[PDB]
Structures are given as structure tokens and as C-alpha cells.
Amino acid sequence: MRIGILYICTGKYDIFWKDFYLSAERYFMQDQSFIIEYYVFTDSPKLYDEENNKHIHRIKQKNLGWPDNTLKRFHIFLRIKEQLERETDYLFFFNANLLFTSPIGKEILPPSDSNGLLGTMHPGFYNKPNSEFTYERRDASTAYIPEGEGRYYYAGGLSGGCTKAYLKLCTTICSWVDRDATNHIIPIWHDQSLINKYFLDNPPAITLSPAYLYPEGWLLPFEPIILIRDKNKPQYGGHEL
Ligand SMILES: CC(=O)N[C@H]1[C@@H](OP(=O)(O)OP(=O)(O)OC[C@H]2O[C@@H](n3ccc(=O)[nH]c3=O)[C@H](O)[C@@H]2O)O[C@H](CO)[C@H](O)[C@@H]1O
């Protein structure tokens with residue numbers, strides 16, 4: 001089947017796209033059943049390595065800067081809503097600085113009988129209890145959730161599921177941020193604080209171990225599968241804006 005993979009890279013984050021694109025081929029979508037379709041949102045005219053592979057689709061999108069670039073990601077997925085219904089069956093989002101290390105496959109695709117959602121544990125909060133989750137604790141916010149509840153702390157570096165179930169997600173949170181905008185609030189950990197609520201209302205069919213979000217340099221009780229490139233390396237410099 002045809003699986004769609006969402007990817008955002010604006011400003012200088014187009015430096016991350018390449019090693020990701022190559023790694024995606026080596027490891028993602030290996031066995032013939034599956035065909036990969038890149039949906040890239042960039043300011044830039046040119047994306048590596050284009051021309052050559054049809055599937056990859058460059059989608060024009062300007063720079064909104066921090067924090068709007070991760071806050072309004074879901075409005076970015078809806079500019080092309082109708083397109084995602086005819087050309088895709090499953091959806092996924094990968095962080096710009098992600099990288100593949102070990103093969104992937106059908107193990108991450110939600111069963112069709114379930115809700116059809118996917119989340120991933122956060123690498124820093126997988127060994128911690130509810131007391132330490134960094135949700136949003138302001139009542140007037142749509143991302144408000146108090147103490148003693150919430151099962152996990154999901155990260156926004158990876159999320160997906162069936163196209164239907166994921167678009168409804170995209171459409172849901174789009175209102176939630178917009179509603180906050182009229183209430184004059186910006187959530188603390190905007191991509192996540194919003195998402196964690198949604199995964200609280202409707203917990204994903206799958207929760208992926210932080211092996212799929214492996215920070216570089218770290219020592220975890222896991223085998224690397226998908227990796228997080230370290231931004232404070234002198235090649236990247238923390239700062240892109
Ligand atoms: C996994 C995690 O807990 N990390 C945080 C953050 O990672 P970091 O704060 O470590 O990285 P970041 O916020 O610079 O990256 C945000 C991601 O959004 C996209 N992008 C692209 C171009 C651009 O100009 N700005 C931009 O934000 C891009 O794919 C990038 O990977 O981002 C995650 C992805 O949502 C979450 O939101 C969290 O806030």
C-alpha cells in the first residue's frame with residue numbers, strides 16, 4: 001500500500017532533508033508491498049535530490065519562524081487535505097533532524113480494526129512518573145490537563161496512523177490552537193501539549209518505544225532504530241531563524 005510521510009523543513013532546516021531522504025530509502029518501505037511518498041514543505045525552491053524521483057513532492061510554504069512553525073504545522077497539512085485522501089492510506093510525521101539506523105516495516109502500522117493512531121514515548125520522560133509530565137496546566141487553555149491523570153508523555157517528533165484518523169487529528173488540533181489564539185494563549189510545548197490531550201481523549205493504537213526516537217550521544221537500554229541528530233553540533237548550531 002501507499003504510505004504518506006509528512007515532513008516540514010523551512011529556513012535552514014533543508015540541510016537536514018538529505019541524510020533523512022537517503023536513510024528513508026535504505027530503511028523505510030523495504031519490501032515491495034509499500035510505496036513511499038514524501039510531502040515536503042519548504043520555503044526553498046530546491047530540495048535534494050529532486051527531479052529524479054517523482055514520488056517526492058515539494059510543497060511550497062514560507063517561513064513562519066518560532067514558534068509558529070511547529071504550532072501551526074497542522075494547518076500546513078490541511079492546505080493539501082484532499083490530496084492526502086486519494087494518494088495515501090497511512091500517514092506519518094518525522095522531525096527534521098531524524099535519521100534511520102535500523103529497518104522498519106509493518107510493525108508500526110495500526111491495525112485497521114482499531115482507532116488508527118500512533119504515538120511515541122518521549123526519550124526524556126519514559127523513565128519518569130506522572131508527577132513529571134510537562135503538560136499544560138493552565139485552565140483557559142485547550143491543552144489543559146491536571147495531575148494524577150495522563151498515561152504517557154508523547155513526543156511530537158513522530159505521529160501517524162490511518163489517513164482518515166490522522167487527518168481528523170490534524171483538523172481537530174487546528175481548531176484547538178485557533179481557539180487558544182482568540183483566548184490569547186500559546187501552549188508551553190505547543191506541538192506536544194496539544195497532542196498529549198488528543199492521545200488522552202483517544203489513546204493511539206500503538207505507542208512506540210523511544211528506540212524510534214533515539215537521541216545522539218545518549219545511553220539507553222535500547223537498540224537504535226530512528227535517531228535524533230544533535231543540533232548543538234558545530235555543523236548546525238542551535239540557531240536557525
Ligand atoms: C520531540 C520533542 O519533544 N522536541 C521538540 C521539538 O524539537 P527541538 O526543539 O529539539 O527541534 P525544533 O523545535 O528546532 O524542530 C521542530 C521541527 O519542526 C519543523 N520545523 C521546520 C522548519 C522550521 O523552521 N521550524 C520547524 O519547527 C522541523 O521538522 C523540526 O524538526 O520539536 C518537536 C517536533 O514538533 C516537538 O514539537 C518538541 O517541541
# chains A, B, ... in the order shown; residues from 1 in each chain; ligands from 1

call {"tool": "residues_around", "arguments": {"residues": "range 9-26 of chain A", "least_positions_apart": "5", "cutoff": "9 Å", "atoms": "only C-alpha atoms", "output": "PDB file with N, CA and C atoms, in the first residue's frame"}}
result
ATOM      1  N   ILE A  36       6.628   4.741  -0.904  1.00  0.00           N
ATOM      2  CA  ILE A  36       6.837   5.904  -0.078  1.00  0.00           C
ATOM      3  C   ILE A  36       6.596   7.206  -0.822  1.00  0.00           C
ATOM      4  N   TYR A  38       6.971  11.360  -0.289  1.00  0.00           N
ATOM      5  CA  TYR A  38       7.437  12.453   0.556  1.00  0.00           C
ATOM      6  C   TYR A  38       6.639  13.722   0.284  1.00  0.00           C
ATOM      7  N   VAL A  40       7.041  17.322   1.253  1.00  0.00           N
ATOM      8  CA  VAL A  40       7.946  18.283   1.859  1.00  0.00           C
ATOM      9  C   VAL A  40       7.391  19.701   1.788  1.00  0.00           C
ATOM     10  N   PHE A  41       7.480  20.418   2.907  1.00  0.00           N
ATOM     11  CA  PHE A  41       7.019  21.799   2.994  1.00  0.00           C
ATOM     12  C   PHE A  41       8.240  22.667   3.231  1.00  0.00           C
ATOM     13  N   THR A  42       8.620  23.429   2.232  1.00  0.00           N
ATOM     14  CA  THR A  42       9.789  24.220   2.372  1.00  0.00           C
ATOM     15  C   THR A  42       9.609  25.576   1.781  1.00  0.00           C
ATOM     16  N   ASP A  43      10.372  26.525   2.275  1.00  0.00           N
ATOM     17  CA  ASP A  43      10.467  27.802   1.654  1.00  0.00           C
ATOM     18  C   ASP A  43      11.178  27.601   0.346  1.00  0.00           C
ATOM     19  N   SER A  44      12.225  26.808   0.378  1.00  0.00           N
ATOM     20  CA  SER A  44      13.208  26.796  -0.663  1.00  0.00           C
ATOM     21  C   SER A  44      12.643  26.269  -1.937  1.00  0.00           C
ATOM     22  N   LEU A  47      15.030  21.063  -3.426  1.00  0.00           N
ATOM     23  CA  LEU A  47      15.135  20.007  -2.460  1.00  0.00           C
ATOM     24  C   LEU A  47      15.903  18.880  -3.061  1.00  0.00           C
ATOM     25  N   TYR A  48      16.924  18.412  -2.358  1.00  0.00           N
ATOM     26  CA  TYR A  48      17.549  17.131  -2.669  1.00  0.00           C
ATOM     27  C   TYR A  48      16.769  15.841  -2.540  1.00  0.00           C
ATOM     28  N   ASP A  49      16.966  14.933  -3.469  1.00  0.00           N
ATOM     29  CA  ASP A  49      17.589  15.256  -4.719  1.00  0.00           C
ATOM     30  C   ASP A  49      16.257  15.129  -5.379  1.00  0.00           C
ATOM     31  N   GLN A  61       5.825  26.551   0.787  1.00  0.00           N
ATOM     32  CA  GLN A  61       5.403  27.052   2.085  1.00  0.00           C
ATOM     33  C   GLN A  61       6.480  27.971   2.647  1.00  0.00           C
ATOM     34  N   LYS A  62       6.085  29.162   3.086  1.00  0.00           N
ATOM     35  CA  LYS A  62       7.059  30.148   3.539  1.00  0.00           C
ATOM     36  C   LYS A  62       7.430  29.935   5.006  1.00  0.00           C
ATOM     37  N   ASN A  63       8.374  30.735   5.492  1.00  0.00           N
ATOM     38  CA  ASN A  63       8.848  30.659   6.872  1.00  0.00           C
ATOM     39  C   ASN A  63       7.963  31.442   7.841  1.00  0.00           C
ATOM     40  N   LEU A  64       7.528  30.775   8.907  1.00  0.00           N
ATOM     41  CA  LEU A  64       6.693  31.407   9.923  1.00  0.00           C
ATOM     42  C   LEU A  64       7.481  31.621  11.218  1.00  0.00           C
ATOM     43  N   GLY A  65       8.685  31.057  11.281  1.00  0.00           N
ATOM     44  CA  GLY A  65       9.561  31.224  12.431  1.00  0.00           C
ATOM     45  C   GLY A  65       9.042  30.592  13.710  1.00  0.00           C
ATOM     46  N   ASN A  69       6.100  27.773  13.437  1.00  0.00           N
ATOM     47  CA  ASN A  69       6.477  26.700  12.513  1.00  0.00           C
ATOM     48  C   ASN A  69       6.140  25.295  13.026  1.00  0.00           C
ATOM     49  N   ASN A  95      10.412  14.345  12.483  1.00  0.00           N
ATOM     50  CA  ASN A  95      11.163  15.549  12.806  1.00  0.00           C
ATOM     51  C   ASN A  95      12.236  15.773  11.744  1.00  0.00           C
ATOM     52  N   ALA A  96      12.680  17.015  11.570  1.00  0.00           N
ATOM     53  CA  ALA A  96      13.642  17.319  10.513  1.00  0.00           C
ATOM     54  C   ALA A  96      14.984  16.652  10.774  1.00  0.00           C
ATOM     55  N   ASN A  97      15.392  16.641  12.037  1.00  0.00           N
ATOM     56  CA  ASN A  97      16.692  16.114  12.418  1.00  0.00           C
ATOM     57  C   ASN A  97      16.651  14.631  12.738  1.00  0.00           C
ATOM     58  N   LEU A  98      15.656  13.924  12.217  1.00  0.00           N
ATOM     59  CA  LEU A  98      15.592  12.491  12.453  1.00  0.00           C
ATOM     60  C   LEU A  98      16.459  11.750  11.451  1.00  0.00           C
ATOM     61  N   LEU A  99      16.756  10.497  11.766  1.00  0.00           N
ATOM     62  CA  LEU A  99      17.588   9.674  10.909  1.00  0.00           C
ATOM     63  C   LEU A  99      17.311   8.208  11.190  1.00  0.00           C
ATOM     64  N   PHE A 100      17.445   7.370  10.169  1.00  0.00           N
ATOM     65  CA  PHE A 100      17.140   5.958  10.329  1.00  0.00           C
ATOM     66  C   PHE A 100      18.434   5.187  10.544  1.00  0.00           C
ATOM     67  N   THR A 101      18.343   4.107  11.311  1.00  0.00           N
ATOM     68  CA  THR A 101      19.512   3.315  11.665  1.00  0.00           C
ATOM     69  C   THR A 101      19.203   1.825  11.527  1.00  0.00           C
ATOM     70  N   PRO A 103      16.050  -1.140  10.154  1.00  0.00           N
ATOM     71  CA  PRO A 103      14.918  -1.311   9.237  1.00  0.00           C
ATOM     72  C   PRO A 103      13.569  -1.175   9.930  1.00  0.00           C
ATOM     73  N   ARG A 229      19.345  13.664  15.436  1.00  0.00           N
ATOM     74  CA  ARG A 229      20.633  14.309  15.251  1.00  0.00           C
ATOM     75  C   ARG A 229      20.748  15.429  16.272  1.00  0.00           C
ATOM     76  N   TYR A 236      25.480  22.422  12.748  1.00  0.00           N
ATOM     77  CA  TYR A 236      24.177  23.036  12.690  1.00  0.00           C
ATOM     78  C   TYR A 236      24.008  24.306  13.494  1.00  0.00           C
ATOM     79  N   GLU A 240      18.652  28.426  13.912  1.00  0.00           N
ATOM     80  CA  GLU A 240      18.116  28.683  12.614  1.00  0.00           C
ATOM     81  C   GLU A 240      16.852  29.465  12.726  1.00  0.00           C
ATOM     82  N   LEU A 241      16.863  30.650  12.129  1.00  0.00           N
ATOM     83  CA  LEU A 241      15.716  31.555  12.159  1.00  0.00           C
ATOM     84  C   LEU A 241      15.891  32.699  11.163  1.00  0.00           C
TER      85      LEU A 241
END

call {"tool": "select_by_dssp", "arguments": {"residues": "range 50-81 of chain A", "states": "helix (DSSP H, G or I)", "output": "JSON, numbers by chain"}}
result
{"A": [68, 69, 70, 71, 73, 74, 75, 76]}

call {"tool": "write_last_selection", "arguments": {"atoms": "C-alpha atoms", "output": "PDB file, in the first residue's frame"}}
result
ATOM      1  CA  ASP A  68       4.534  29.223  14.632  1.00  0.00           C
ATOM      2  CA  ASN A  69       6.477  26.700  12.513  1.00  0.00           C
ATOM      3  CA  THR A  70       5.639  23.842  14.913  1.00  0.00           C
ATOM      4  CA  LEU A  71       2.496  25.393  16.363  1.00  0.00           C
ATOM      5  CA  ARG A  73       2.048  22.530  11.453  1.00  0.00           C
ATOM      6  CA  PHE A  74      -1.448  21.089  11.256  1.00  0.00           C
ATOM      7  CA  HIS A  75      -2.718  23.991   9.165  1.00  0.00           C
ATOM      8  CA  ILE A  76       0.220  23.214   6.898  1.00  0.00           C
TER       9      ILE A  76
END

call {"tool": "residues_around", "arguments": {"residues": "range 142-159 of chain A", "least_positions_apart": "6", "cutoff": "7 Å", "atoms": "only C-alpha atoms", "output": "ChimeraX atom specification"}}
result
/A:92-95,118-122,125,130,133,135-136,176,180,187,191-194,196-197,200

call {"tool": "residues_around", "arguments": {"residues": "residue 104 in chain A", "least_positions_apart": "5", "cutoff": "9 Å", "atoms": "only C-alpha atoms", "output": "PDB file with N, CA, C and O atoms, in the first residue's frame"}}
result
ATOM      1  N   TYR A  27      16.094   2.221   4.786  1.00  0.00           N
ATOM      2  CA  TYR A  27      15.351   1.502   5.795  1.00  0.00           C
ATOM      3  C   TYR A  27      13.852   1.466   5.746  1.00  0.00           C
ATOM      4  O   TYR A  27      13.282   0.445   5.869  1.00  0.00           O
ATOM      5  N   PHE A  28      13.218   2.607   5.500  1.00  0.00           N
ATOM      6  CA  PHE A  28      11.764   2.645   5.325  1.00  0.00           C
ATOM      7  C   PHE A  28      11.281   1.992   4.019  1.00  0.00           C
ATOM      8  O   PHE A  28      11.951   2.071   2.990  1.00  0.00           O
ATOM      9  N   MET A  29      10.108   1.359   4.074  1.00  0.00           N
ATOM     10  CA  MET A  29       9.427   0.829   2.884  1.00  0.00           C
ATOM     11  C   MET A  29      10.232  -0.167   2.043  1.00  0.00           C
ATOM     12  O   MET A  29      10.208  -0.110   0.814  1.00  0.00           O
ATOM     13  N   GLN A  30      10.945  -1.068   2.707  1.00  0.00           N
ATOM     14  CA  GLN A  30      11.829  -2.024   2.034  1.00  0.00           C
ATOM     15  C   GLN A  30      11.201  -3.061   1.085  1.00  0.00           C
ATOM     16  O   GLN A  30      11.771  -3.355   0.034  1.00  0.00           O
ATOM     17  N   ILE A 225      17.046   2.727  16.438  1.00  0.00           N
ATOM     18  CA  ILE A 225      16.203   2.415  15.295  1.00  0.00           C
ATOM     19  C   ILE A 225      15.961   3.660  14.451  1.00  0.00           C
ATOM     20  O   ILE A 225      16.228   3.677  13.250  1.00  0.00           O
TER      21      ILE A 225
END

call {"tool": "select_by_dssp", "arguments": {"residues": "range 17-165 of chain A", "states": "strand (DSSP E)", "output": "list in words"}}
result
residues 35, 36, 37, 38, 39, 40, 41, 42, 57, 58, 59, 60, 90, 91, 92, 93, 94, 98, 99, 100, 117, 118, 119, 120, 158, 159, 160, 161 and 162 of chain A

call {"tool": "write_last_selection", "arguments": {"atoms": "C-alpha atoms", "output": "compact mmCIF listing (two decimals), in the first residue's frame"}}
result
# COMPACT_ATOMS: atom_id res chain seq x y z
CA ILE A 35 5.49 2.83 -1.81
CA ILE A 36 6.84 5.90 -0.08
CA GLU A 37 5.60 9.42 -0.83
CA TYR A 38 7.44 12.45 0.56
CA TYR A 39 5.38 15.58 1.24
CA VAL A 40 7.95 18.28 1.86
CA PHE A 41 7.02 21.80 2.99
CA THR A 42 9.79 24.22 2.37
CA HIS A 57 6.55 16.10 -3.76
CA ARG A 58 7.76 19.62 -3.00
CA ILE A 59 5.05 21.74 -1.44
CA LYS A 60 5.57 25.49 -1.36
CA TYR A 90 -1.26 5.71 6.12
CA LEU A 91 0.31 8.92 7.40
CA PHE A 92 3.39 9.81 9.45
CA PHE A 93 5.34 12.83 10.65
CA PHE A 94 9.09 12.84 11.13
CA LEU A 98 15.59 12.49 12.45
CA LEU A 99 17.59 9.67 10.91
CA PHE A 100 17.14 5.96 10.33
CA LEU A 117 -3.43 6.38 15.66
CA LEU A 118 0.22 6.21 16.66
CA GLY A 119 2.36 7.94 19.27
CA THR A 120 5.90 7.66 20.61
CA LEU A 158 6.74 11.13 15.46
CA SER A 159 3.00 10.72 14.97
CA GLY A 160 0.81 8.98 12.42
CA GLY A 161 -1.83 6.40 11.62
CA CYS A 162 -4.51 5.86 9.00

call {"tool": "closest_residue", "arguments": {"among": "A:181, A:2, A:78, A:72", "to": "ligand 1", "atoms": "only C-alpha atoms and all ligand atoms"}}
result
A:72

call {"tool": "closest_residue", "arguments": {"among": "A:195, A:109, A:206, A:211", "to": "ligand 1", "atoms": "only C-alpha atoms and all ligand atoms"}}
result
A:195

call {"tool": "atom_distance", "arguments": {"atom1": "CA of residue 8 in chain A", "atom2": "CA of residue 228 in chain A"}}
result
15.2 Å

call {"tool": "closest_residue", "arguments": {"among": "A:175, A:127, A:52, A:209", "to": "residue 224 in chain A", "atoms": "only C-alpha atoms"}}
result
A:209

call {"tool": "closest_residue", "arguments": {"among": "A:34, A:199, A:214, A:189", "to": "ligand 1", "atoms": "only C-alpha atoms and all ligand atoms"}}
result
A:189

call {"tool": "atom_distance", "arguments": {"atom1": "CA of residue 204 in chain A", "atom2": "CA of residue 168 in chain A"}}
result
13.3 Å

call {"tool": "closest_residue", "arguments": {"among": "A:230, A:82, A:50, A:223", "to": "ligand 1", "atoms": "only C-alpha atoms and all ligand atoms"}}
result
A:230

call {"tool": "atom_distance", "arguments": {"atom1": "CA of residue 84 in chain A", "atom2": "atom 19 (C, counted along the ligand's line) of ligand 1"}}
result
19.5 Å

call {"tool": "decode", "arguments": {"residues": "range 192-203 of chain A", "atoms": "N, CA, C and O atoms", "output": "compact mmCIF listing (two decimals), in the first residue's frame"}}
result
# COMPACT_ATOMS: atom_id res chain seq x y z
N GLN A 192 3.24 19.29 21.41
CA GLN A 192 3.04 18.12 22.24
C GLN A 192 1.87 18.31 23.17
O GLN A 192 1.00 17.44 23.28
N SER A 193 1.87 19.46 23.86
CA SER A 193 0.85 19.77 24.85
C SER A 193 -0.53 19.61 24.24
O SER A 193 -1.46 19.15 24.90
N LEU A 194 -0.65 19.98 22.97
CA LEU A 194 -1.91 19.81 22.24
C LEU A 194 -2.15 18.33 22.02
O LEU A 194 -3.21 17.81 22.37
N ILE A 195 -1.16 17.67 21.43
CA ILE A 195 -1.23 16.26 21.08
C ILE A 195 -1.51 15.34 22.27
O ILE A 195 -2.36 14.45 22.17
N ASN A 196 -0.80 15.55 23.38
CA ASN A 196 -0.97 14.71 24.57
C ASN A 196 -2.41 14.66 25.05
O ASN A 196 -2.87 13.62 25.54
N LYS A 197 -3.13 15.77 24.92
CA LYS A 197 -4.56 15.76 25.21
C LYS A 197 -5.32 14.83 24.30
O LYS A 197 -6.17 14.05 24.74
N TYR A 198 -5.03 14.93 23.00
CA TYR A 198 -5.72 14.14 22.00
C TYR A 198 -5.47 12.67 22.25
O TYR A 198 -6.40 11.86 22.19
N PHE A 199 -4.23 12.32 22.56
CA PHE A 199 -3.89 10.94 22.87
C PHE A 199 -4.44 10.56 24.25
O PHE A 199 -4.48 9.39 24.61
N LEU A 200 -4.85 11.55 25.03
CA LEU A 200 -5.57 11.26 26.26
C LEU A 200 -7.05 10.99 25.96
O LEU A 200 -7.62 10.03 26.49
N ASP A 201 -7.66 11.81 25.12
CA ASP A 201 -9.06 11.59 24.74
C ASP A 201 -9.17 10.28 23.97
O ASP A 201 -10.02 9.45 24.28
N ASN A 202 -8.31 10.12 22.98
CA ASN A 202 -8.26 8.90 22.19
C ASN A 202 -6.84 8.37 22.06
O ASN A 202 -6.11 8.76 21.15
N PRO A 203 -6.44 7.49 22.99
CA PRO A 203 -5.10 6.87 23.02
C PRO A 203 -4.82 6.08 21.76
O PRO A 203 -5.67 5.32 21.32
